[PDB]
>>> print(open('structure_23.cif').read())   # mmCIF, C-alpha atoms; chains and numbers go by the auth columns
data_coords
loop_
_atom_site.group_PDB
_atom_site.id
_atom_site.type_symbol
_atom_site.label_atom_id
_atom_site.label_comp_id
_atom_site.label_asym_id
_atom_site.label_seq_id
_atom_site.Cartn_x
_atom_site.Cartn_y
_atom_site.Cartn_z
_atom_site.B_iso_or_equiv
_atom_site.auth_seq_id
_atom_site.auth_asym_id
ATOM 1 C CA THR A 1 50.441 34.110 -28.074 0.00 1 A
ATOM 2 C CA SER A 2 53.179 32.553 -25.927 0.00 2 A
ATOM 3 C CA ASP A 3 51.144 33.191 -22.773 0.00 3 A
ATOM 4 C CA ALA A 4 48.020 31.700 -24.348 0.00 4 A
ATOM 5 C CA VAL A 5 49.843 28.601 -25.587 0.00 5 A
ATOM 6 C CA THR A 6 51.472 28.176 -22.166 0.00 6 A
ATOM 7 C CA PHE A 7 48.023 28.298 -20.574 0.00 7 A
ATOM 8 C CA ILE A 8 46.742 25.780 -23.129 0.00 8 A
ATOM 9 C CA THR A 9 49.594 23.328 -22.598 0.00 9 A
ATOM 10 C CA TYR A 10 49.141 23.674 -18.830 0.00 10 A
ATOM 11 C CA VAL A 11 45.440 22.845 -19.053 0.00 11 A
ATOM 12 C CA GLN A 12 46.260 20.004 -21.465 0.00 12 A
ATOM 13 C CA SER A 13 48.628 18.580 -18.858 0.00 13 A
ATOM 14 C CA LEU A 14 45.785 18.964 -16.356 0.00 14 A
ATOM 15 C CA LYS A 15 43.506 17.027 -18.729 0.00 15 A
ATOM 16 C CA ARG A 16 45.378 13.793 -18.006 0.00 16 A
ATOM 17 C CA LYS A 17 45.316 14.284 -14.231 0.00 17 A
ATOM 18 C CA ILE A 18 41.590 15.124 -14.363 0.00 18 A
ATOM 19 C CA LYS A 19 40.602 11.448 -14.516 0.00 19 A
ATOM 20 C CA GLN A 20 43.082 10.448 -11.806 0.00 20 A
ATOM 21 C CA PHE A 21 41.735 13.196 -9.569 0.00 21 A
ATOM 22 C CA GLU A 22 38.157 12.095 -10.272 0.00 22 A
ATOM 23 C CA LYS A 23 38.954 8.540 -9.202 0.00 23 A
ATOM 24 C CA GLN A 24 40.722 10.067 -6.193 0.00 24 A
ATOM 25 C CA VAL A 25 37.471 11.877 -5.378 0.00 25 A
ATOM 26 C CA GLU A 26 35.550 8.609 -5.654 0.00 26 A
ATOM 27 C CA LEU A 27 37.960 6.566 -3.528 0.00 27 A
ATOM 28 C CA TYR A 28 38.138 9.345 -0.935 0.00 28 A
ATOM 29 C CA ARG A 29 34.341 9.450 -0.790 0.00 29 A
ATOM 30 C CA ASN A 30 34.517 5.710 -0.141 0.00 30 A
ATOM 31 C CA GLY A 31 37.164 6.161 2.547 0.00 31 A
ATOM 32 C CA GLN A 32 35.281 8.993 4.243 0.00 32 A
ATOM 33 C CA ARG A 33 32.058 6.976 4.300 0.00 33 A
ATOM 34 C CA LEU A 34 33.946 3.990 5.724 0.00 34 A
ATOM 35 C CA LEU A 35 35.532 6.199 8.388 0.00 35 A
ATOM 36 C CA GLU A 36 32.102 7.574 9.290 0.00 36 A
ATOM 37 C CA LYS A 37 30.684 4.051 9.528 0.00 37 A
ATOM 38 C CA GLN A 38 33.776 3.105 11.536 0.00 38 A
ATOM 39 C CA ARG A 39 32.810 6.021 13.831 0.00 39 A
ATOM 40 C CA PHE A 40 36.106 7.902 14.057 0.00 40 A
ATOM 41 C CA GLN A 41 36.329 11.308 15.745 0.00 41 A
ATOM 42 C CA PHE A 42 37.175 13.619 12.862 0.00 42 A
ATOM 43 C CA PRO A 43 39.679 16.280 14.002 0.00 43 A
ATOM 44 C CA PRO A 44 38.639 19.935 14.244 0.00 44 A
ATOM 45 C CA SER A 45 41.320 20.611 11.610 0.00 45 A
ATOM 46 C CA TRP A 46 39.552 18.163 9.276 0.00 46 A
ATOM 47 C CA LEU A 47 38.495 19.670 5.958 0.00 47 A
ATOM 48 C CA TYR A 48 35.254 18.142 4.738 0.00 48 A
ATOM 49 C CA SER B 1 38.152 17.626 38.525 0.00 1 B
ATOM 50 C CA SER B 2 36.137 17.121 35.329 0.00 2 B
ATOM 51 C CA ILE B 3 38.476 17.323 32.312 0.00 3 B
ATOM 52 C CA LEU B 4 37.548 13.727 31.515 0.00 4 B
ATOM 53 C CA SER B 5 33.993 15.067 31.425 0.00 5 B
ATOM 54 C CA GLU B 6 34.768 18.222 29.442 0.00 6 B
ATOM 55 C CA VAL B 7 36.695 16.338 26.767 0.00 7 B
ATOM 56 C CA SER B 8 33.675 14.039 26.345 0.00 8 B
ATOM 57 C CA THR B 9 31.476 17.074 25.612 0.00 9 B
ATOM 58 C CA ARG B 10 32.893 17.544 22.084 0.00 10 B
ATOM 59 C CA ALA B 11 31.152 14.536 20.482 0.00 11 B
ATOM 60 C CA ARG B 12 31.656 14.667 16.737 0.00 12 B
ATOM 61 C CA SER B 13 28.107 14.801 15.338 0.00 13 B
ATOM 62 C CA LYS B 14 24.541 13.496 15.609 0.00 14 B
ATOM 63 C CA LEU B 15 22.000 11.698 13.389 0.00 15 B
ATOM 64 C CA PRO B 16 18.358 12.819 13.115 0.00 16 B
ATOM 65 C CA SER B 17 15.946 11.267 15.601 0.00 17 B
ATOM 66 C CA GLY B 18 12.713 11.946 17.447 0.00 18 B
ATOM 67 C CA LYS B 19 10.569 12.474 14.352 0.00 19 B
ATOM 68 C CA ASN B 20 6.831 11.822 14.567 0.00 20 B
ATOM 69 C CA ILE B 21 3.868 11.439 12.212 0.00 21 B
ATOM 70 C CA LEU B 22 0.211 12.275 12.848 0.00 22 B
ATOM 71 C CA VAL B 23 -2.718 11.209 10.681 0.00 23 B
ATOM 72 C CA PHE B 24 -6.494 11.005 10.582 0.00 24 B
ATOM 73 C CA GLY B 25 -8.423 8.330 8.759 0.00 25 B
ATOM 74 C CA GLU B 26 -12.058 7.374 8.968 0.00 26 B
ATOM 75 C CA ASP B 27 -12.923 4.178 10.814 0.00 27 B
ATOM 76 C CA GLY B 28 -11.944 1.142 8.760 0.00 28 B
ATOM 77 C CA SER B 29 -10.431 3.136 5.888 0.00 29 B
ATOM 78 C CA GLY B 30 -7.427 0.842 5.579 0.00 30 B
ATOM 79 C CA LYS B 31 -5.342 3.479 7.360 0.00 31 B
ATOM 80 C CA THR B 32 -3.867 0.867 9.697 0.00 32 B
ATOM 81 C CA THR B 33 -3.223 -1.440 6.735 0.00 33 B
ATOM 82 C CA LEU B 34 -1.374 1.224 4.763 0.00 34 B
ATOM 83 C CA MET B 35 0.610 2.477 7.775 0.00 35 B
ATOM 84 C CA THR B 36 1.686 -1.095 8.510 0.00 36 B
ATOM 85 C CA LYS B 37 2.458 -1.556 4.804 0.00 37 B
ATOM 86 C CA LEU B 38 4.940 1.340 4.906 0.00 38 B
ATOM 87 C CA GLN B 39 7.155 -0.781 7.164 0.00 39 B
ATOM 88 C CA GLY B 40 6.126 -3.864 5.160 0.00 40 B
ATOM 89 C CA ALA B 41 3.909 -5.720 7.632 0.00 41 B
ATOM 90 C CA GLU B 42 0.773 -7.127 6.017 0.00 42 B
ATOM 91 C CA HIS B 43 -1.560 -5.882 8.765 0.00 43 B
ATOM 92 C CA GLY B 44 -1.321 -4.431 12.248 0.00 44 B
ATOM 93 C CA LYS B 45 -4.408 -4.285 14.456 0.00 45 B
ATOM 94 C CA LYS B 46 -7.595 -2.325 13.774 0.00 46 B
ATOM 95 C CA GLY B 47 -8.570 -0.906 17.152 0.00 47 B
ATOM 96 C CA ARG B 48 -10.058 2.078 18.973 0.00 48 B
ATOM 97 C CA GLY B 49 -8.312 5.241 20.085 0.00 49 B
ATOM 98 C CA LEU B 50 -4.842 6.419 19.183 0.00 50 B
ATOM 99 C CA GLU B 51 -2.628 3.667 17.773 0.00 51 B
ATOM 100 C CA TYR B 52 1.159 3.531 17.621 0.00 52 B
ATOM 101 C CA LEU B 53 3.640 1.762 15.344 0.00 53 B
ATOM 102 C CA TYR B 54 7.106 2.179 13.824 0.00 54 B
ATOM 103 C CA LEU B 55 8.679 3.518 10.654 0.00 55 B
ATOM 104 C CA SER B 56 11.719 1.442 9.672 0.00 56 B
ATOM 105 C CA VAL B 57 14.124 3.959 8.119 0.00 57 B
ATOM 106 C CA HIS B 58 17.609 2.834 7.077 0.00 58 B
ATOM 107 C CA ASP B 59 20.199 5.047 5.383 0.00 59 B
ATOM 108 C CA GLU B 60 22.959 3.284 3.466 0.00 60 B
ATOM 109 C CA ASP B 61 25.130 6.415 3.284 0.00 61 B
ATOM 110 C CA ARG B 62 25.253 6.724 7.079 0.00 62 B
ATOM 111 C CA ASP B 63 24.823 2.952 7.605 0.00 63 B
ATOM 112 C CA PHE C 1 -19.350 -7.372 17.579 0.00 1 C
ATOM 113 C CA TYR C 2 -19.769 -4.424 19.897 0.00 2 C
ATOM 114 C CA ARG C 3 -17.254 -1.580 19.515 0.00 3 C
ATOM 115 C CA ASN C 4 -18.792 1.452 21.195 0.00 4 C
ATOM 116 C CA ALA C 5 -17.786 1.096 24.865 0.00 5 C
ATOM 117 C CA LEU C 6 -15.398 4.044 24.587 0.00 6 C
ATOM 118 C CA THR C 7 -18.363 6.311 23.875 0.00 7 C
ATOM 119 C CA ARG C 8 -20.280 4.300 26.499 0.00 8 C
ATOM 120 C CA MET C 9 -17.703 5.497 29.041 0.00 9 C
ATOM 121 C CA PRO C 10 -19.552 6.765 32.144 0.00 10 C
ATOM 122 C CA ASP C 11 -16.526 8.649 33.522 0.00 11 C
ATOM 123 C CA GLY C 12 -15.350 10.123 30.217 0.00 12 C
ATOM 124 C CA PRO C 13 -12.056 9.592 28.388 0.00 13 C
ATOM 125 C CA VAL C 14 -10.196 10.433 31.605 0.00 14 C
ATOM 126 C CA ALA C 15 -9.576 6.769 32.448 0.00 15 C
ATOM 127 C CA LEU C 16 -8.149 6.182 28.979 0.00 16 C
ATOM 128 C CA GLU C 17 -6.356 9.524 29.269 0.00 17 C
ATOM 129 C CA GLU C 18 -4.853 8.601 32.638 0.00 18 C
ATOM 130 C CA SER C 19 -3.824 5.183 31.294 0.00 19 C
ATOM 131 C CA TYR C 20 -2.014 6.863 28.404 0.00 20 C
ATOM 132 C CA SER C 21 -0.483 9.322 30.879 0.00 21 C
ATOM 133 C CA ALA C 22 0.830 6.431 32.970 0.00 22 C
ATOM 134 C CA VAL C 23 2.303 4.810 29.854 0.00 23 C
ATOM 135 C CA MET C 24 4.034 8.014 28.769 0.00 24 C
ATOM 136 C CA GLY C 25 5.352 8.641 32.277 0.00 25 C
ATOM 137 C CA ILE C 26 6.811 5.140 32.481 0.00 26 C
ATOM 138 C CA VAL C 27 8.458 5.371 29.064 0.00 27 C
ATOM 139 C CA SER C 28 9.745 8.887 29.795 0.00 28 C
ATOM 140 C CA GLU C 29 11.382 7.776 33.038 0.00 29 C
ATOM 141 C CA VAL C 30 12.854 4.742 31.266 0.00 30 C
ATOM 142 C CA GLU C 31 14.388 6.858 28.509 0.00 31 C
ATOM 143 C CA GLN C 32 15.600 9.414 31.063 0.00 32 C
ATOM 144 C CA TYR C 33 17.478 6.665 32.897 0.00 33 C
ATOM 145 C CA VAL C 34 18.803 5.317 29.590 0.00 34 C
ATOM 146 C CA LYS C 35 20.043 8.729 28.427 0.00 35 C
ATOM 147 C CA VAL C 36 22.251 9.303 31.465 0.00 36 C
ATOM 148 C CA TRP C 37 23.278 5.646 31.390 0.00 37 C
ATOM 149 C CA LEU C 38 23.866 5.559 27.620 0.00 38 C
ATOM 150 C CA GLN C 39 26.039 8.694 27.834 0.00 39 C
ATOM 151 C CA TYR C 40 29.036 6.484 28.676 0.00 40 C
ATOM 152 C CA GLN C 41 29.318 5.327 25.045 0.00 41 C
ATOM 153 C CA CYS C 42 31.015 8.600 24.056 0.00 42 C
ATOM 154 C CA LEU C 43 34.217 7.400 25.748 0.00 43 C
ATOM 155 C CA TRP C 44 35.222 5.143 22.844 0.00 44 C
ATOM 156 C CA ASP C 45 34.449 7.887 20.321 0.00 45 C
ATOM 157 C CA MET C 46 37.412 9.772 21.704 0.00 46 C
ATOM 158 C CA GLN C 47 40.831 8.261 21.118 0.00 47 C
ATOM 159 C CA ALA C 48 43.737 8.317 23.555 0.00 48 C
#
>>> encode(input="structure_23.cif", output="structure tokens")
Amino acid sequence: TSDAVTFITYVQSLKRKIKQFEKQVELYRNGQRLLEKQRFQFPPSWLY
Amino acid sequence: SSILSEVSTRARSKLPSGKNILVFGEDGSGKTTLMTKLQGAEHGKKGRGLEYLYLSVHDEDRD
Amino acid sequence: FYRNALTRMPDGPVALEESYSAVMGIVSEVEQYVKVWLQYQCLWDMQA
């Protein structure tokens, strides 16, 4: 049960960061759309 | 030589263009009126033969 | 008011066809010149 409770406390810690990462997704969508409308040459190494 | 040319060949991307629409409508069926209503104009011109107009398409995502 | 002269064409739709052909040739040459001329805009897309 130690492994299971470790997994549960890890995912509980992730629960808090879930909302921060969601707002990160939103703001990065905004930034990517702005960059596209600013017409910047995205690098080949760019991950979409 | 080139180089300046070959670097310019890796343009990042492209937006869709060159699309066309074909239609038949009987004479005086309001076809011109409804076509010109798509772009918002109240009326174009009812004439003879093939006619040509626009299609104002704007995407907010791509601006 | 009379709208039948197109069918009253003695020489057939060729005159209208050749008029349309002239229009398309003119616009095609114009866009061909533009394309090679407009190609220069890619220079800014491409940072130092």
>>> resolve_selection(input="structure_23.cif", expression="the PyMOL selection byres ((chain C) within 10 of (chain B))", output="ChimeraX atom specification")
/C:3-6,16,20,39-46
>>> atom_distance(input="structure_23.cif", atom1="CA of residue 3 (chain B)", atom2="CA of residue 33 (chain C)")
23.6 Å
>>> atom_distance(input="structure_23.cif", atom1="CA of residue 46 (chain A)", atom2="CA of residue 47 (chain C)")
15.5 Å
>>> interface_residues(input="structure_23.cif", of="chain A", to="chain B", cutoff="7 Å", atoms="all atoms listed in the file", output="VMD selection string")
chain A and resid 37 41 to 42
>>> closest_atom_pairs(input="structure_23.cif", of="chain A", to="chain C", cutoff="12 Å", atoms="all atoms listed in the file", output="Markdown table")
| residue | atom | partner | partner_atom | distance |
| --- | --- | --- | --- | --- |
| A:36 | CA | C:45 | CA | 11.3 |
| A:38 | CA | C:45 | CA | 10.0 |
| A:39 | CA | C:45 | CA | 6.9 |
| A:40 | CA | C:45 | CA | 6.5 |
| A:41 | CA | C:45 | CA | 6.0 |
| A:42 | CA | C:46 | CA | 9.6 |
| A:43 | CA | C:46 | CA | 10.3 |
>>> write_last_selection(input="structure_23.cif", atoms="C-alpha atoms", output="CSV table (one decimal), keeping the file's coordinate frame")
chain,number,residue,atom,x,y,z
A,36,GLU,CA,32.1,7.6,9.3
A,38,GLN,CA,33.8,3.1,11.5
A,39,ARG,CA,32.8,6.0,13.8
A,40,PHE,CA,36.1,7.9,14.1
A,41,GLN,CA,36.3,11.3,15.7
A,42,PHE,CA,37.2,13.6,12.9
A,43,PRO,CA,39.7,16.3,14.0
